[PDB]
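Visitor: First to last, the sequence lines map onto chains A, B, C, D, E and F. Mapping of the first sequence onto our numbering: residues 1 to 331, in sequence order. Mapping of the second sequence onto our numbering: residues 332 to 359, in sequence order. Mapping of the third sequence onto our numbering: residues 360 to 746, in sequence order. Mapping of the fourth sequence onto our numbering: residues 747 to 866, in sequence order. Mapping of the fifth sequence onto our numbering: residues 867 to 1078, in sequence order. Mapping of the sixth sequence onto our numbering: residues 1079 to 1320, in sequence order. I have a structure I would like to understand better, so I am pasting it below and will then ask my questions one at a time.
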Amino acid sequence: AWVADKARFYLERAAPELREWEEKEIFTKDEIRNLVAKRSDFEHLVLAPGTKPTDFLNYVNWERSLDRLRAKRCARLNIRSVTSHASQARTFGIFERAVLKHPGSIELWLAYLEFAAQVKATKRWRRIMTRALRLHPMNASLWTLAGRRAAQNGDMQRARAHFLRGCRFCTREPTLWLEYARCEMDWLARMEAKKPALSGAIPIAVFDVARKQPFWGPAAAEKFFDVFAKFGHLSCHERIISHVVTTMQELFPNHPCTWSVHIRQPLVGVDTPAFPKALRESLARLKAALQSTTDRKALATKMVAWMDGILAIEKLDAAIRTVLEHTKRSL
Amino acid sequence: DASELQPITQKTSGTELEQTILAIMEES
Amino acid sequence: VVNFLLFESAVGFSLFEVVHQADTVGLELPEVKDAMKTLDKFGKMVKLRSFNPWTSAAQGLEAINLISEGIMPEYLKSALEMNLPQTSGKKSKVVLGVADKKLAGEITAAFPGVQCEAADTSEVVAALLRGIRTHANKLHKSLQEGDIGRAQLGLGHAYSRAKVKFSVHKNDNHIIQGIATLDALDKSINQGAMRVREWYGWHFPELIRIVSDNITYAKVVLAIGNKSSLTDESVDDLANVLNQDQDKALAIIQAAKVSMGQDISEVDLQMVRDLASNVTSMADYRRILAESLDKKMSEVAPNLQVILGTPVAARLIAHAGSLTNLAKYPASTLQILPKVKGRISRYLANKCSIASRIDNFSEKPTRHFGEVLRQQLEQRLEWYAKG
Amino acid sequence: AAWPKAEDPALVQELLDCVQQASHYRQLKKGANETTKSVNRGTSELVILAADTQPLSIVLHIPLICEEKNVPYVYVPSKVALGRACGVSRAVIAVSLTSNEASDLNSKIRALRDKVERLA
Amino acid sequence: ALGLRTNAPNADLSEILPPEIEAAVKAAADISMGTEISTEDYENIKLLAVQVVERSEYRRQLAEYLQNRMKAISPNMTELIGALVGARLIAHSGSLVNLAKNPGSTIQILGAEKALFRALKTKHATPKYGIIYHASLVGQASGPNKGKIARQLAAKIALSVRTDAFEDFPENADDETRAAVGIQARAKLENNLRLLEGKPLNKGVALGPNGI
Amino acid sequence: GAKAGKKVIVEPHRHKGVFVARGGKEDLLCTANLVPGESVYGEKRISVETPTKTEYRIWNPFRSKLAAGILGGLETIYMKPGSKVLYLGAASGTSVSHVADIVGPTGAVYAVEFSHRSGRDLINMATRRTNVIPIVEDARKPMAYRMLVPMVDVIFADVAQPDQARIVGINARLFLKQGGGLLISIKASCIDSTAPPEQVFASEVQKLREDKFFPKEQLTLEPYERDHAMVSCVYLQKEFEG
RNA sequence: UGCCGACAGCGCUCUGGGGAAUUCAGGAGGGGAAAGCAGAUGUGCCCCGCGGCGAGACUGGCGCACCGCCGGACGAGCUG
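Below is the structure:
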């Protein structure tokens, strides 16, 4: 190859900050000797033809912990002149050659994105997310992280851009559809907290297109109900709950998931006197679902999972807890 | 600039879903 | 001066931004050709912009159908959005490299700011694309899942079969191998029959001395137990096995009374009836396959099934190899597969040749031409009876 | 099914004419079995196939072998008229003609197969 | 157990074989290229599989039967060399008294008689054994070791089969006192095997770096 | 005939992969078939008890012009066992199977055909033989199977068409490695059927040289199928492989 | 295709000729290899300069197949 000369370039890049650190009393001769030798060995094995992104991450964490230790020793030594910028830039060069070398390691992608999100390279992080998202169009994890950090920063329009493109591409799994409805209703809850948006028809619409999505499953609609049932403290939450219930009751009539949501429907914003009354109403719904002709083992597994969750919620009456125990044992 | 993702509009409207949400946001 | 290019592949489709792209004057040259050839001089040429794999086999298949038509799917269009900067060409445009002329024209229609460039015109992007398909596995390995050989393999199989309607009228493999099975198991039935026949006759030879139909021999030994526990019409067995009251069971009883053979150990009798049960089960499977082959032969080649009969017609088609082979065969070839008998042989060879080409070349076969030709051979049998 | 059909406008008539020429000139095999044997001996120069037949599957299998041998064929619309052109006193659905390399009949046949190749 | 490759993902397989095989079969089913068939044919396919699996189980219980019977017929022989082995020997023999008529080296050269008379007719080298190769106890040696154990094994085979076919027993005679002969042979030949194998190798003048 | 049952001998021929079997009063040509024991089209075959899995197939010249060429003793047929070969004119697949048996498992041949039912026979053989890829389309528009054909090394062509030179020229423009190779075969009676055949061949080879080919061998398969030829050229270099 | 082989000739080669071990100096080929230093400057900010996108609004003149052209200069929002 040509590794000797390319590493000559990179070690000559590394030279002057170490010269600064040696004219400082922060690191001694033997220490900087050890450092340069380690960096040379690192960069050599990095630029080796037969290569792997694990060793790439090794060099990554090595330079990162270098910046950390030098910062700590600088603070202990009460020095102010030396910065971390050259260390950041050489870390970026390591990452840049890493991503040009392996376009196939999503874990290393996320490692780069985490390092950038920690060190405050805003526009850079946006553009790197752009590149890698173009590269891997088939990870809802990537699409969700993009739209999620955009929704976190507050660019809801760019969040919609990322999420809408991800919905346009990924069409085999409903997971990013779940998370998109999650962030849309979370933005709506943010609007209600800062208190069209008065209607809040976007989760209705995304369910309308999900109804003919290729991954169209009854259990998928059940998970849609679950994520809609999260954070029920809103305005049109009863509206969307009624809509999804009547939609899946119109489409999957005798499905055990339809019976499960018919059980767990009116518990949208429950946690107080309104808790046990709705508990008894949903228990009547549950007894009706039990006596109705559906897949009783499937419905009972659904209800025993949800009832184990209910038992995980504390602050209840012992008579209620024991009759849940009885109705659980009788399945 | 192909360095980022500028947000979507009816010109770059892809599907029925995008058409519906863009109709809602234009109504907004 | 090109910027990007698409590329179509059996595993997916991609686009690439060319940086330090190729000379347009310098294209006949040896050095530019060897530089194109070597990967070590071409990665600096082409950088990956983005990649897109297939979701499903039917998805990539319909993609092939679309691109062979020249028309595109909205998800490649989505990739064009997902990697193209939005514009129209009011001040600036973007150069895309496309192979097929219809494809390039349609993308230019779909997007105003793009000049797509079909390689059919452009020797430039043709040469670029040939470098692409040159190193098309080694610009992907880090991101490519698995391989491309088996992908091209299965995908081409499916595309061929879709365009040709393959499985909807090929069944002769099942036909002839079912025939092979029936012959194999039938001879194995014969061997099991003779073996367990002499093998039980060591204990009791009057069963051979009276009883033929070795499957009925197997039934009566699995029902017989030992030599001493005999009665004629015990429960639900000999009435439908054979004549039960006055013809056979009494003769079996008196044969066991006059019997002389060696008394058998119990585990040996267990072995005997294990063997006999095996014999009966495989004979039952023979009758199952016989009904099955009659049905399948009726489904695929009715005219032959009526003119010859399913066993012999299936013998001939198996020795042929395929119905297409049978159709390919000439008449004297069908002979190879007094004088009046050879004359009839030639005549029936002609007629089954015609019935064969009929059945091989009807979409959903019929029966009536086989019926009328069966009547032709019947009246020809009458004609040769008149002599 | 019989998509390389010969069109009407006297093209079929030049076909039947050359059939008459070759039938007198003994360069002719007549009947489908003769066609298959001639094309599987590779002596065939061209073969004409009727489309007026009780089921067409015979003159559908014959194009399979001529496709397997890369020598031309053409669909006349009339088995009766082809048989009359050959002079059989009987209808024929398949007639083939071979090559004899010293004539101008071969020039005629070259023209005819150029015609059918432009048809295909 | 697998139905169709349509029924690839819902079929249960781990009962017959470990995964890392029975996941790759599901992968091969998913991206396979075998042609689509009918259930009217898959009936016949699965029923033929039923045939052959009942056949294989029949062979299995048949072997178990023959093992019981070999234990019954010749305790020395089955305790020494293997039931299926002595089964091959009696198969060539014709009967047990027939085999006990033959001398031991001939026992060593049962079966391979085509090669035997080839060699005897052309004065070639003579073949070294018979069914004794696919017998077990010769399996552990190497070359000349294999040959020597084959000969001595044959001698004890002769002795033991004459024992089993001609030593009378009072019928309150246990299998172990019936087969103690063959067990003696097994122990003594096992020690013979380990000694002939652990023949010390040949030493040599060990050199220094100068050859010193 | 060298009748069924005659003990024969087989040895390698000059070419990497093909074999020649001599015997008695008649020798012939064979290939080790990949798919075991099974005939294709009533072709004769050869079994050897190797000291089961060792089977060869006799190769009729008169059915397959590649075999005509191997009898005509070509300079270099370019197809090593384990090589990528675009076939063209793959009608009913016999010769194609032979090339398949040449290249074996580590090779692959892309079998393109125009019509349908010859396609049916071809794809039947494509089910059976695990290294030949069926493609049934119009050869004149190779962008259709641009999805299927990668860059290959060797181009077989046996179509009988007027635009044959341009057909294989754009297929060379699309699917042939740097320093590529090709065998094509030509009939005078289908390129232009009044002229003398040698002149027709010169016209076709000059065409390919205008398609930037380097003509590097020619022969005339003379005692086997009149006034044809096999022509061997190299794509865009003077030497063959690299 | 077995050895042995006299003169009389031809062929190579001759620090004799083989065979084996072993050091080195070269060669030629095949398979594999992401094999890629086209000009290498930390992040974040806003501002300037300049550039693209980009909603919307205009206008000039032409148009005897009459169906449409071609051109300028303003411009919310976005970006480098």
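Backbone N, C-alpha and C fix where the C-beta goes; we use that ideal spot for every residue, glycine too.
Within the continuous alpha helix (DSSP H) that includes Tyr518/C, where are the two ends?
Guide: Run containing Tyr518/C: 508-523, per the alpha helix (DSSP H) assignment.
Visitor: Between which two residues does the alpha helix (DSSP H) carrying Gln157/A extend?
Guide: From DSSP, the alpha helix (DSSP H) with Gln157/A extends over 156-169.
Visitor: Determine which residues of the region 40-54 of chain A have a Cβ less than 9 Å from any Cβ of chain C, and write them out in chain order.
Guide: Flagged, chain order: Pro53.
Visitor: Closest Cβ-Cβ distance between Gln1006/E and chain C: below 8 Å?
Guide: False, the Cβ-Cβ gap to chain C never drops below 8 Å.
Visitor: How would you label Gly448/C, buried or exposed, when you count the other beta carbons within 10 angstroms and need 16 or more for buried?
Guide: Flag for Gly448/C reads exposed.
Visitor: Quick check on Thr346/B: does DSSP put it in helix, strand or coil?
Guide: It is coil, neither helix nor strand.
Visitor: Can you tell which of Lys783/D, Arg830/D, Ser835/D, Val838/D has its C-alpha closest to the C-alpha of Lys815/D?
Guide: For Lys815/D, the nearest C-alpha among the options comes from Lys783/D.
Visitor: When DSSP labels each residue in this structure, what does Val1086/F get in the three-state scheme?
Guide: In this structure, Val1086/F counts as coil in the three-state DSSP scheme.
Visitor: So, for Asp633/C: in the same chain, excluding its five sequence neighbours on each side, which residues have a beta-carbon less than 8 Å away from its beta-carbon?
Guide: If we look at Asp633/C and ignore the five residues flanking it on each side, it has no Cβ neighbours.
Visitor: Would you kindly report the start and end of the unbroken beta strand (DSSP E) that includes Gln380/C?
Guide: Segment: none, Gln380/C is in no beta strand (DSSP E) and carries neither H nor E.
Visitor: Got a sec, what are the start and stop residues for the alpha helix (DSSP H) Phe92/A sits in?
Guide: First-last of the alpha helix (DSSP H) with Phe92/A: 85-101.
Visitor: Return the first residue and the last residue of the alpha helix (DSSP H) that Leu682/C is part of.
Guide: Its alpha helix (DSSP H) spans residues 682-687.
Visitor: At the level of alpha carbons, what is the spacing between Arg1141/F and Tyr1119/F?
Guide: Their Cα atoms are separated by approximately 11 Å.
Visitor: Using a Cβ-Cβ cut-off of 8 Å, state whether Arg168/A counts as contacting chain C.
Guide: Yes, because at least one Cβ of chain C sits closer than 8 Å to the Cβ of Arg168/A.
Visitor: Going by other Cβ atoms of all chains shown within 10 Å of its Cβ, with 16 needed for buried, is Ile430/C buried or exposed?
Guide: So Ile430/C ends up on the exposed side.
Visitor: What does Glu349/B reach in chain A if we use C-beta pairs closer than 8 Å?
Guide: Here the neighbours are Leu164, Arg168.
Visitor: For chain D, find out if any of its Cβ atoms is closer than 8 Å to the Cβ of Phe720/C; answer yes or no.
Guide: So, interface residue.
Visitor: So, is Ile1078/E buried or exposed, given that buried needs 16 or more other C-beta atoms within 10 angstroms?
Guide: Flag for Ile1078/E reads exposed.
Visitor: Are at least three pairs of beta-carbons, each pair with one atom in the region 1133-1152 of chain F and one in the region 1163-1175 of chain F, less than 8 Å apart?
Guide: A contact exists between the region 1133-1152 of chain F and the region 1163-1175 of chain F.
Visitor: So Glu358/B contacts chain A; which residues on that side make the cut at Cβ distance below 8 Å?
Guide: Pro196, listed in chain order.
Visitor: Is the CB-CB distance between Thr669/C and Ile574/C below 8 Å?
Guide: Taking 8 Å as the Cβ cut-off, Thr669/C and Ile574/C do not qualify as a contacting pair.
Visitor: Which whole runs of the alpha helix (DSSP H) in the region 206-236 of chain A are 4 residues long or more, in chain order?
Guide: For the region 206-236 of chain A, whole alpha helix (DSSP H) runs of length 4 or above, ordered along the chain, are 218-229.
Visitor: Out of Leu913/E, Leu955/E, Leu1019/E, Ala1007/E, which one is the CA nearest neighbour of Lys1065/E?
Guide: The option with the nearest alpha carbon to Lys1065/E is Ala1007/E.
Visitor: Kindly list, in the order they appear in chain D, the residues whose Cβ is closer than 8 Å to that of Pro689/C.
Guide: By Cβ distance, chain D contributes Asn779, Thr782, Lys783, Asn786.
Visitor: Please report whether the beta-carbon of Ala333/B lies at a distance below 8 Å from any beta-carbon of chain C.
Guide: Chain C, which has a Cβ nearer than 8 Å to the Cβ of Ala333/B, makes this yes.
Visitor: From this set, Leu1055/E, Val1027/E, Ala1046/E, which residue's C-alpha is nearest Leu1019/E's C-alpha?
Guide: Checked all of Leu1055/E, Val1027/E, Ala1046/E; the closest Cα to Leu1019/E is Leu1055/E.
Visitor: For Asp622/C and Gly584/C, what's the separation of their Cα atoms in angstroms?
Guide: Whole-angstrom Cα-Cα distance: 12 Å.
Visitor: With a Cβ-Cβ cutoff of 8 Å, do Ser1271/F and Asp860/D count as a contact?
Guide: Yes; because the gap between Cβ atoms is below 8 Å, this pair is in contact.
Visitor: With distances taken Cα to Cα, identify the nearest neighbour of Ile1211/F among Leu1226/F, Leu1252/F, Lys1255/F.
Guide: Per the Cα distances, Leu1226/F.
Visitor: What are the boundary residues of the alpha helix (DSSP H) that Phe1292/F is part of?
Guide: Careful: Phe1292/F lies outside any alpha helix (DSSP H), inside the beta strand (DSSP E) at 1291-1297.
Visitor: Taking the straight line between their C-alpha atoms, what separation do you get for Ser87/A and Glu63/A?
Guide: Approximately 7 Å, taken between the alpha carbons.
Visitor: Assuming residue 812/E is part of the alpha helix (DSSP H), what are its boundary residues?
Guide: Nothing about residue 812/E can be reported from this structure: the residues present for chain E run from 867 to 1078 only.
Visitor: Since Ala1217/F contacts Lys1285/F with CB under 8 Å, what's their CB separation in whole angstroms?
Guide: In fact, because the Cβ distance is near 17 Å, the residues do not count as touching under 8 Å.
Visitor: If the cut-off is 8 Å on Cβ atoms, which residues from the region 103-129 of chain A count as contacting chain C, listed in chain order?
Guide: Those would be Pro103, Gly104, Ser105, in chain order.
Visitor: State the Cα-Cα distance for the pair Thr1029/E and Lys937/E, rounded to the nearest angstrom.
Guide: Whole-angstrom Cα-Cα distance: 14 Å.
Visitor: Could you spell out the range, first to last residue, of the alpha helix (DSSP H) harbouring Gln1239/F?
Guide: No alpha helix (DSSP H) holds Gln1239/F; DSSP gives it neither H nor E.
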